[PDB]
Amino acid sequence: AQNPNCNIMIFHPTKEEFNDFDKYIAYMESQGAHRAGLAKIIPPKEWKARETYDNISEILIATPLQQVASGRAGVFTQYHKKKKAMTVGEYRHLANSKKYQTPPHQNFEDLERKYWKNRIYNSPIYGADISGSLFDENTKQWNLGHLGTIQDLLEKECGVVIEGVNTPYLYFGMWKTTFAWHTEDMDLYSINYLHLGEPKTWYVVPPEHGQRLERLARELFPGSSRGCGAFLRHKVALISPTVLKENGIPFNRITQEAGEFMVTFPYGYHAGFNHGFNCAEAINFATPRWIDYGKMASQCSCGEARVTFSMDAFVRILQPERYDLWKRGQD
Ligand SMILES: O=C(O)CNC(=O)C(=O)O
Ligand SMILES: [Mg+2]
Ligand code: NI
Ligand SMILES: [Zn+2]
């Protein structure tokens with residue numbers, strides 16, 4: 001078995017190897033990359049996502065989210081308070097302000113220490129989940145707005161023809177902006193490209209051990225657990241590496257820098273934070289190996305997780321028993 005310790009793997013495809021996206025994903029899995037839940041892909045030196053970022057300040061963040069924390073430094077939840085719209089130019093200036101900027105630090109480890117020590121005492125503002133793309137249309141390789149769709153994968157593998165679309169989303173981050181512990185909708189893959197700015201630190205639990213993280217989360221967030229049988233779908237809970245180590249949960253960590261891709265694999269729980277002002281683009285995708293994960297994915301039916309139009313069809317076809325109850329939650 002390849003990668004039996006479930007380490008995060010880092011790939012350096014050549015420009016030739018970067019032509020066929022599906023083939024490269026299948027290659028990485030042949031080497032065991034999926035066992036980690038997360039992989040890094042460094043693009044060939046010749047590749048570029050677009051020519052410059054020189055004109056991005058005019059993108060609108062219609063609903064910036066202030067991420068307010070509750071709990072203790074290592075075990076907290078966050079709630080998203082909606083703020084007034086602002087442009088990316090306004091948000092970047094805010095991120096660079098004295099109130100919100102990255103503190104002085106020695107290296108990524110010192111910054112990680114400061115994040116876990118101090119996150120809860122601040123409320124950074126995150127521009128999340130903004131439909132759009134920063135890939136140039138002329139970028140033919142690993143262009144996250146040109147991937148094969150999940151609906152087309154389900155049709156090729158299973159013959160079924162469904163409604164729905166699959167488009168990318170932009171994320172504008174600042175110091176301390178945080179992504180809570182989650183897997184993807186329907187336990188899909190994700191791919192995330194850091195277009196510019198400061199790094200993103202990731203934490204990940206191997207898929208084969210995801211239930212260990214779930215059981216700890218039920219112990220640490222016991223009222224949330226009684227409220228919903230899949231409350232990590234709410235994407236609000238944080239647990240620090242120190243707490244994960246104290247409780248024996250297997251995990252890995254890695255820092256993504258500008259110009260790099262990350263892939264998350266089906267049922268790979270992940271969480272993380274931004275080091276400073278940045279912009280990422282991410283989208284869900286599927287392969288044949290996902291189908292079985294989609295069939296087994298948990299679902300939030302309490303009504304809090306409230307997800308896309310396109311997820312309806314996935315539930316309806318892969319999980320017809322759940323359909324009914326999950327749509328009671330979504331209506
Ligand atoms: O970058 C972020 O804030 C969160 N992204 C993801 O969880 C992802 O790409 O799957
Ligand atoms: Mg612009
Ligand atoms: Ni994710
Ligand atoms: Zn729920």
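The first residue in the sequence is number 1, and the count goes up from there.
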Applying ring-ring contact (aromatic ring centres under 6.0 Å, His included), can you list everything that pairs with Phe179, at least two apart in sequence or on another chain?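 By the ring-ring contact (aromatic ring centres under 6.0 Å, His included) rule, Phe179 matches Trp202.
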
Return the set of residues passing salt bridge (charged side-chain N to carboxylate O under 4.0 Å, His left out) with [X] (not counting sequence neighbours), or none when no residue passes.
X	value
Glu90	none
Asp22	none
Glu260	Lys40
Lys114	none

By the rule that ILVMFWY residues connect when side-chain heavy atoms come within less than 4.5 angstrom, directly or transitively, which residues belong alongside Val236?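 So far as hydrophobic clustering goes, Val236 is joined with none.
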
According to side chain to side chain contact (heavy atoms under 4.5 Å, CB included), who are the partners of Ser224, at least two apart in sequence or on a separate chain?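 Applying side chain to side chain contact (heavy atoms under 4.5 Å, CB included) to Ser224 gives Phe221, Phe231.
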
So, using side-chain hydrogen bond (donor to acceptor under 3.5 Å, both in side chains) as the criterion, who are the partners of [X] when residues are at least two apart?
X	result
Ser190	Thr264
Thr201	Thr255, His275
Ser123	none
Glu163	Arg316

Just checking, is any N or O donor in the side chain of [X] or [Y] under 3.5 Å from an acceptor N or O on the other one?
X	Y	value
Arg50	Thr139	no
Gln78	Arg119	yes
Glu281	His195	yes
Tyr126	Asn274	yes
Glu184	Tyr267	no
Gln211	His209	no
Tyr171	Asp129	yes

Quickly, which of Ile283, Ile150, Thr287, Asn284 forms a side-chain contact (heavy atoms from CB on, under 4.5 Å) with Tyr189? Name it, please.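 That would be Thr287.
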
side-chain contact (heavy atoms from CB on, under 4.5 Å) partner of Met186, chosen from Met296, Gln319, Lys295: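 Exactly one pass, corresponding to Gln319.
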
Tell me, which pairs form a side chain to side chain donor-acceptor pair (under 3.5 Å) where one or both residues lie in residues 4-19, sequence neighbours left out?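 Checked against side chain to side chain donor-acceptor pair (under 3.5 Å) - neighbours excluded - the pairs reaching residues 4-19 are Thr14-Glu17, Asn19-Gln141.
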
What is the ring orientation for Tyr115 with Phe273, classed by angle as parallel under 30°, tilted 30 to 60°, or perpendicular over 60°?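 Taking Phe273 first and then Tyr115, their aromatic rings lie parallel (interplane angle under 30°).
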
